[PDB]
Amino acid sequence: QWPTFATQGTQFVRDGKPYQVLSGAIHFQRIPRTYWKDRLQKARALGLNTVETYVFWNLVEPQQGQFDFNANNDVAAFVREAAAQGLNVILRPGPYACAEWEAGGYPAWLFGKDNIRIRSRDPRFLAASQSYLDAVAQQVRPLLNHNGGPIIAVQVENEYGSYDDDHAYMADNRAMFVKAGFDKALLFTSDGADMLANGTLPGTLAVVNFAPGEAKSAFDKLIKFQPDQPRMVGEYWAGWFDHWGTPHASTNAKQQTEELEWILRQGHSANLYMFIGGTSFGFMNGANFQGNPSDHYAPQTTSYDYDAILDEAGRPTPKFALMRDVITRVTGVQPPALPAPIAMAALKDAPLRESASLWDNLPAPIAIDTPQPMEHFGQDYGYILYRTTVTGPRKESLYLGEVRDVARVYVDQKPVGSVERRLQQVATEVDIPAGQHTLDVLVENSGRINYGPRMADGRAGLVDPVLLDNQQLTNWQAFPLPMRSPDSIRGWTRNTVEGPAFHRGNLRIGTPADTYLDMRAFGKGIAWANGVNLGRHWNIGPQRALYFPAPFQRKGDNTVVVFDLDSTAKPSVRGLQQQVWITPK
């Protein structure tokens, strides 16, 4: 039996004794499962006594009614590994996680044709929430603290106060958590310090989330709001995340270390966000679109390095020893040793000598009168092509409206422009020769918005009327391109191909070892290595390589396939022992 965990006045208690929660965020779906134990042992080496993780709904119910808690989705196995390393667990199932993650964690299929309003009291959304909460609770039921397990606390929703203040909606969520059985652990909410009246529920513990430099101010607000309960920072943002096209974050370790010591010397509990951020593999990054008039769509990078205590690859940064020493001073307890370090390896340049045109890799066409977003065709992530026929000679403006999120436009497979809502673009000029010609509008889902008043419109692809000058274009074909396996690619040749195209070759590995796959030869797209979609690459930066951890590798030849929207002059890849950061173009 794990020790009991409760509150008693202004403190937490564990087996009835005063207890200060010392927690770090590790998202188990962002860390290779083989490496869960390593990251948990590093959390213990910092002096932490607790790990905290979200569950991402869109990974564990990828198709409605079809749950998956296998492999890297195995939340119960992650929790058991944490217990095995002597750590309490704080579980945050959402359903909304935020987390700089695709759609804040919401399944793509919620944005389909039924016109469900997410994060609201739409009965379809509430029923879908309950089904998901029941499923997660069944996975972890014996692990909940009142059943004798290590899960000491469970968060209800996430920062709802930054979204709205419908207290009935929050009460509905608490009641769903209770029906699922999560009341066998301490329930709580987290909010920004100015958002507590909006996001909380009387009778349920609140904790506060805040940035470096805000600790004194934010705790003053939490204590005023909730004077008779324990004090905890549910997320101390000890780092920050990146957007494509903006510099890699560099945050102030001295500030964070001194403020952490101040927090802990008050007796307050804390969760460091992130302890390690890891990677949003595949298409699973999020995006911002904030509320000010000068704010626009802003997609996040594949790496979730976060300038965290541990970097993306699990290596301690200088901030690790700084904060470890803080916790050692406060607790008076010498922490356990770090595990043996996990090595990085360099791999020689490997040409990718085969190419395959995207145009030779389309599915059967789907007939539509006007473009529709990808969820209309059952598609969650990746690309979608819209095709129609046009007649020239015309040099006119093609209006696409609010593209979600990047459109490449072609005429007879020759590029004639691009349109990104990131850049406030809604149209491109197109030159159409005399006669009939094929207009192709290829759209990338760059990641559904994960936060803010715009996140409920999670439709990806095209949604607006398409016009050429003042004439609406109708009668199209849609081609969903989720790119679920590279094994299906056809049209392979050793000739040069224009973008958009795939590129393939072997990367020989003697003994598997963590490496960064250098993407500097390429323009923009995604990459598979040994059959794993490692995520996105883009020459505008700041990230320019892709983490390829040892457990995704095999001994000997490893197939690499790289998708590039742009024509690639010299396609090849190499193994680096460090991330490549550049100043955005």
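Residue indices: 1-based, along the sequence shown.
Mean CA B-factor, 409-417 versus 148-156: the higher value falls on 409-417. For the two regions 377-385 and 158-166, the entry's Cα B-factors average higher over 377-385. Across the residues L462, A82, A137, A215, the deposited record lists the maximum Cα B factor for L462. You'll see in the entry that, of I116, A513, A350, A249, the Cα B factor peaks at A350. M323: CA B factor lies in the lowest third for its chain, per the PDB record. For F522, the recorded CA temperature factor ranks within the highest third of the chain's modelled residues. The PDB entry assigns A25 a C-alpha temperature factor belonging to the lowest third of its chain's modelled residues. When the CA B factors of the chain's modelled residues are split into thirds, the value for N70 lands in the middle one. Ranked against the other modelled residues of its chain, the C-alpha B-factor of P482 as given in the entry falls in the middle third.
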